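A.B. asks: Below is a structure I'd like to ask you about.
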Amino acid sequence: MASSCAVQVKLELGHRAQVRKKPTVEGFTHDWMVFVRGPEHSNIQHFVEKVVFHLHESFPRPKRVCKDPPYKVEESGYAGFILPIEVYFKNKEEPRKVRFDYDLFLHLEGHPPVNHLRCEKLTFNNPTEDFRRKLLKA
Amino acid sequence: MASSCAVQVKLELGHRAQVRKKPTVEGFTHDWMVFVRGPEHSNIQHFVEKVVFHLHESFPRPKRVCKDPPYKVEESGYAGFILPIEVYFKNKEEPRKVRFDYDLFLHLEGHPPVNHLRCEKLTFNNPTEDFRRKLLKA
Amino acid sequence: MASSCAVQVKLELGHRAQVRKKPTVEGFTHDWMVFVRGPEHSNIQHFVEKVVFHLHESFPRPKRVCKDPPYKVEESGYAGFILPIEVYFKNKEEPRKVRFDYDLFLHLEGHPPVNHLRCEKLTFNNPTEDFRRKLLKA
Amino acid sequence: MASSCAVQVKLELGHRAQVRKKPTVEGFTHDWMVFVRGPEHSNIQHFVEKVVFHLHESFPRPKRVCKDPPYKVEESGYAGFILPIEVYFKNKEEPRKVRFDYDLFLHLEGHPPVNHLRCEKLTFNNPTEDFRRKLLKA
Amino acid sequence: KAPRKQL
Amino acid sequence: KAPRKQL
Amino acid sequence: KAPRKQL
Amino acid sequence: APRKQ
Ligand SMILES: [Cu+2]
Ligand SMILES: [Cu+2]
Ligand SMILES: [Cu+2]
């Protein structure tokens with residue numbers, strides 16, 4: 001052109017994984033909770049339409065959809081797995097979403113609980129003006 | 001914050017320097033022209049307010065000001081020099097101007113003429129959307 | 001030259017800070033752990049020689065030195081402080097180290113435990129190709 | 001990851017178009033020269049295998065190939081045209097080639113001669129150890 | 001070490 | 001306004 | 001407060 | 001090459 005806006009927003013992906021006192025009856029051993037949020041209390045709700053957590057097939061309604069904060073899933077299980085997360089934007093132009101393969105891993109009974117944090121930076125090249133102010137309100 | 005827009009524009013500064021067929025009345029050996037332009041095709045007129053060339057003190061009206069394209073000064077002289085160039089933006093915030101110290105150098109007689117091009121990248125961090133609109137129309 | 005390589009590596013700084021259920025014999029209220037690591041599946045041991053945590057003066061051996069991964073320090077205390085962390089590189093040329101002033105903060109009793117993550121981007125300009133391979137092995 | 005080397009080289013594309021009076025047998029008013037070289041006289045011979053100038057169909061052997069420095073084509077013509085230039089690199093990996101659409105324009109008599117220059121920056125993401133050793137020597 | 005969901 | 005062939 | 005150390 | 005400097 002030559003001119004370009006490069007808007008960068010920050011995301012936090014993380015999960016807690018605790019061992020239950022007594023297992024559930026269904027037999028599950030652990031309690032975990034997985035989330036997506038902005039760092040340092042950023043309201044990502046401004047540019048995030050919805051967050052989609054894709055659980056394992058073993059779960060009922062494995063597709064969990066949060067379209068209002070907090071964007072998180074709470075469950076109970078026996079094993080860890082790769083959990084595809086999809087974050088949809090208040091976009092109108094590509095990319096409409098971003099996908100992460102989140103490792104929801106669990107620790108053993110004699111080991112301390114999991115409190116994992118993962119950082120992701122998003123870069124939008126030449127976004128629209130309306131989507132920009134949304135991104136910058138975060 | 002923490003979010004950020006980073007708008008980048010490209011500028012081009014350059015000069016020609018020929019020896020005349022024969023020196024002027026004052027015995028000026030060279031003819032030169034220095035310029036500030038956008039890359040093809042652009043049009044920096046959208047965000048550039050004025051460009052100020054600071055010629056040597058040995059020039060009449062050494063402060064040449066172009067507020068409309070083309071941003072250039074045409075002159076005749078005997079020697080080369082450092083030429084401070086100031087580009088003012090249609091901007092209400094810092095930075096309101098950028099300064100380049102351009103080496104307007106001459107080549108000796110019995111040597112090829114001068115055609116120098118110097119490309120510069122400008123990065124504006126979190127500009128207002130009005131100035132951004134100007135920067136993006138370029 | 002005119003040519004230049006910019007090698008970028010990702011570094012992650014973070015700390016957990018939990019309130020103890022009952023203070024230690026010295027009166028320490030908190031349990032905390034601080035670390036330096038790479039993102040996801042990446043071993044930074046390839047280009048990191050050692051990591052030095054500079055604890056507050058109150059701590060004995062305030063200068064803690066990690067020679068191999070994991071690069072962490074676990075302690076008990078009563079207050080938070082600024083923890084200068086120096087990450088040393090496996091090169092023979094400048095720079096052989098980078099410094100961050102890590103804010104090792106705690107939260108009060110009756111508040112959730114601390115789990116903070118801070119990501120840092122490192123840019124090496126024109127490194128030797130021997131040191132460069134290690135940077136890319138991560 | 002990361003694991004990220006970004007290698008940058010600069011290229012200068014330009015052309016001279018000198019008017020010729022009197023015109024030739026074939027009616028060629030002008031005679032021009034178009035070239036691809038590196039700024040500050042850098043030997044791009046290190047990372048460039050060959051440069052291919054794609055002249056208009058009117059020329060015999062329109063496809064003109066410079067495999068040795070200088071990468072220039074001198075010719076006489078009657079008109080201007082968009083001139084596709086392809087720069088081939090000494091790489092064994094994508095990209096094998098870059099293509100610019102160069103505008104070879106001319107001025108009439110009574111208008112100053114052509115001495116045009118154009119800046120082009122090339123960024124190679126994660127080149128091999130080989131090839132990179134060439135780019136930085138260039 | 002730790003249990004996983006098989007895929 | 002100049003002799004530029006055309007494609 | 002949270003409380004911090006003396007500097 | 002002459003420069004005023
Ligand atoms: Cu806090
Ligand atoms: Cu030179
Ligand atoms: Cu020109």
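Scheme for the structure tokens: letters A, B, ... for chains in order shown; per-chain residue numbers from 1; ligand numbers from 1 in order shown.
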Could you list, as a short mmCIF file (atom, residue, chain, number, x, y, z; two decimals) with N, CA and C atoms, in the first residue's frame, every residue within 8 Å of residue 2 of chain G, counting only C-alpha atoms and ignoring same-chain residues fewer than 5 positions away?
C.D. replies:
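Produced file result39.cif, reproduced below:
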```cif
data_model
loop_
_atom_site.label_atom_id
_atom_site.label_comp_id
_atom_site.auth_asym_id
_atom_site.auth_seq_id
_atom_site.Cartn_x
_atom_site.Cartn_y
_atom_site.Cartn_z
N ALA C 79 6.46 -12.13 53.01
CA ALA C 79 6.20 -10.95 52.19
C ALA C 79 6.74 -11.11 50.78
N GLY C 80 6.22 -10.31 49.85
CA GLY C 80 6.68 -10.34 48.48
C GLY C 80 7.80 -9.34 48.24
N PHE C 105 5.08 -11.30 43.90
CA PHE C 105 4.07 -10.81 44.82
C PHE C 105 3.29 -11.95 45.46
N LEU C 106 2.77 -11.70 46.65
CA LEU C 106 1.91 -12.64 47.35
C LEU C 106 0.52 -12.06 47.51
N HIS C 107 -0.44 -12.91 47.83
CA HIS C 107 -1.79 -12.47 48.14
C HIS C 107 -2.11 -12.79 49.59
N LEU C 108 -3.00 -11.99 50.18
CA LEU C 108 -3.36 -12.13 51.58
C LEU C 108 -4.16 -13.39 51.86
#
```
A.B. asks: Could you report the residues within 7 Å of ligand 3, using only C-alpha atoms and all ligand atoms, as a ChimeraX atom specification?
C.D. replies: /D:114-117
A.B. asks: Check the DSSP output for the backbone and give back, as a list in words, the residues of segment 11-63 of chain A in strand (DSSP E).
C.D. replies: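 Written out, the strand (DSSP E) residues of segment 11-63 of chain A are residues 11, 12, 13, 14, 15, 16, 17, 18, 19, 30, 31, 32, 33, 34, 35, 36, 37, 48, 49, 50, 51, 52, 53, 54 and 63 of chain A.
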A.B. asks: Counting only C-alpha atoms, figure out which residue out of D:81, D:124, D:131, D:100 gets nearest to chain C.
C.D. replies: D:124
A.B. asks: List every residue of chain D that has an atom at most 9 Å from any atom of ligand 2, and for each one report the closest atom pair and its distance in Å to one decimal, counting only C-alpha atoms and all ligand atoms, with rows sorted by chain and then by increasing residue number, as JSON lines.
C.D. replies:
```
{"residue": "D:39", "atom": "CA", "partner": "ligand 2", "partner_atom_place_in_ligand_line": "1 (Cu)", "distance": 8.7}
{"residue": "D:40", "atom": "CA", "partner": "ligand 2", "partner_atom_place_in_ligand_line": "1 (Cu)", "distance": 5.9}
{"residue": "D:41", "atom": "CA", "partner": "ligand 2", "partner_atom_place_in_ligand_line": "1 (Cu)", "distance": 7.1}
```
A.B. asks: Give the residues of chain F that lie within 7 Å of chain D; count only C-alpha atoms, and format the answer as a compact mmCIF listing (two decimals) with N, CA, C and O atoms, in the first residue's frame.
C.D. replies:
```txt
# COMPACT_ATOMS: atom_id res chain seq x y z
N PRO F 3 4.24 7.00 -24.66
CA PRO F 3 4.21 5.71 -25.37
C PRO F 3 4.44 4.54 -24.42
O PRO F 3 5.57 4.10 -24.22
N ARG F 4 3.36 4.06 -23.81
CA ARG F 4 3.42 2.84 -23.00
C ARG F 4 2.57 1.78 -23.66
O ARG F 4 1.35 1.88 -23.65
N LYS F 5 3.23 0.76 -24.21
CA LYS F 5 2.64 -0.24 -25.05
C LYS F 5 1.22 -0.60 -24.66
O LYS F 5 0.32 0.11 -25.16
N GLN F 6 1.05 -1.61 -23.79
CA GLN F 6 -0.21 -2.06 -23.12
C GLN F 6 -0.43 -3.58 -23.21
O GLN F 6 -0.03 -4.24 -24.17
```
